[PDB]
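Only one chain comes next, encoded as structure tokens, the form deposited in one PDB entry.
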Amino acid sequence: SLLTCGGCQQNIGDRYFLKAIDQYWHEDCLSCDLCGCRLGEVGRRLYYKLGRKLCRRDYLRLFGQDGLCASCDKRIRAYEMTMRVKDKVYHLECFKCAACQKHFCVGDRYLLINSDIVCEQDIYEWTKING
């Protein structure tokens, strides 16, 4: 009749509880093993692999495929945020104008020459000086 929590080992006496990974949980005990974030709310998905209960970020950290940056030629980790231009992928900090070194924001206009991101403002002098 009574149910046991798989995160605190105490009996559930609360009004609302959860059911995940063939277990019962107090609303707060269902957390990521690496960061400790609660998985029940915020439209946060639950991931399970090799005994670990993980959030999307920490799952990709442990099991996701890594990519290569078009600017720094260094590996991008699966959990890291990126800017994607066609089939090229960049670290967030490497997504800047190859001319002025300005970091970009949503709504900004640019061109892609090779793997060089050039802002709208700098196209003219880049073309004269490089083609």
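Residue positions are given as counts along the sequence shown, with the first one as 1.
Between 111-119 and 12-20, name whichever shows the higher mean Cα B factor according to the PDB entry. Going by the record's values, the stretch with the higher mean is 12-20.
With reference to the PDB entry, specify whether the mean Cα temperature factor is higher for 25-33 or for 56-64. The entry gives the higher C-alpha B-factor average to 25-33.
With respect to the C-alpha temperature factors reported in the PDB entry, which of 91, 96, 49, 38 ranks highest? When the deposited C-alpha B-factors of 91, 96, 49, 38 are compared, 38 is largest.
Third of chain Cα B-factors occupied by residue 100: Lowest third.
Form deposited in another entry: not shown, discussed below.
Location of the hinge, rigid-body rearrangement between the shown form and the other one, from 57, 94, 111, 84: Hinge located at 57.
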